[PDB]
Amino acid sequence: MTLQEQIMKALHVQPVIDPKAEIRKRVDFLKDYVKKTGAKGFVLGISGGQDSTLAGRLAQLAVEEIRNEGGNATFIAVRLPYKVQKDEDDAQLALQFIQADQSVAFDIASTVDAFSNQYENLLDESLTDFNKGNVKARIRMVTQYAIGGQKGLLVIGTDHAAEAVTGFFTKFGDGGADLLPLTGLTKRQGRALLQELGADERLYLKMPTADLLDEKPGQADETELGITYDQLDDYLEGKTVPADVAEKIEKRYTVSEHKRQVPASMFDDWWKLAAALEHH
């Protein structure tokens, strides 16, 4: 069991998949979980990006099936821009594809700014662009849970293997959710499901970006990672990649284990086994 193989197993990666079958299993999962909780549906932030576009369509398909089976369910798609979003057009395109039961726009700027201003005033320092970025992600979580709390809906998370292996998400930000329909999927597999679902190609060819920085809006995930999704997917799907690349993927995986586990206690072994861990 090489590290690459342990990672593939831990992240539930399927080297080869059947898009129609994956969609069936993932829509079934959303239905099975919600039935267990007695919730009234789901809520999800739609950014115009690939992951939320796919997760959103799966959620709409799920509630429509729940209603067809005689149940009661609704899906609310939520736009969460910080001021004017650079790629609002792509978000609208995603909304057109998702065809959600309900959609609403919630500018998170006033909340994020109220916080940053207060921080600056009381801590005698300004938030670095990166840290304010994480505030944005966390406020998006807050917004989705508030709507979920008010309407009795579960919060959908968009985590998948290509993001999980690098711990490329904000802890308790977009990482905070109730259920994950995309777990185990590589980035390219995600595009494959989108194609099967008949999505406009602009929805899966668009460049992946967390778009949280004020000074570098729309920054490419790969620019930040120093690794391309092509390499990540190759690695995750069990293919051979340059020792150079493998080492970089594996070190990022091992140091971010804390983001894939519940808070650490003295009774947990994962952190003791880890040679090291990095939070900042």
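Residue positions are given as counts along the sequence shown, with the first one as 1.
Novice: Take the C-alpha B-factors listed in the entry for 228-236 and for 62-70, compute each mean, and give the stretch with the larger one.
Specialist: Of 62-70 and 228-236, the stretch with the higher C-alpha B-factor average is 228-236.
Novice: Comparing 123-131 with 93-101, where is the mean C-alpha B-factor higher?
Specialist: Result of the comparison: 123-131.
Novice: Maximum C-alpha temperature factor per the entry, among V27, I46, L54, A220, belongs to which one?
Specialist: Among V27, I46, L54, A220, the highest C-alpha B-factor in the entry belongs to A220.
Novice: If you rank the chain by CA B-factor, which third does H12 end up in: lowest, middle or highest?
Specialist: It falls in the middle third of the chain.
Novice: Which third, lowest, middle or highest, does the CA B-factor of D211 fall in along this chain?
Specialist: Middle third - that is where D211 ends up once the chain's C-alpha B-factors are sorted.
Novice: Test of reading the entry: by CA B factor among the chain's modelled residues, which third contains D174?
Specialist: Lowest third - that is where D174 ends up once the chain's C-alpha B-factors are sorted.
Novice: What third of its chain's C-alpha B-factors does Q195 belong to: lowest, middle or highest?
Specialist: Middle third - that is where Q195 ends up once the chain's C-alpha B-factors are sorted.
Novice: Split the chain's modelled residues into thirds by Cα B-factor; is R79 in the lowest, middle or highest one?
Specialist: Lowest third, going by the recorded CA B-factors of the chain.
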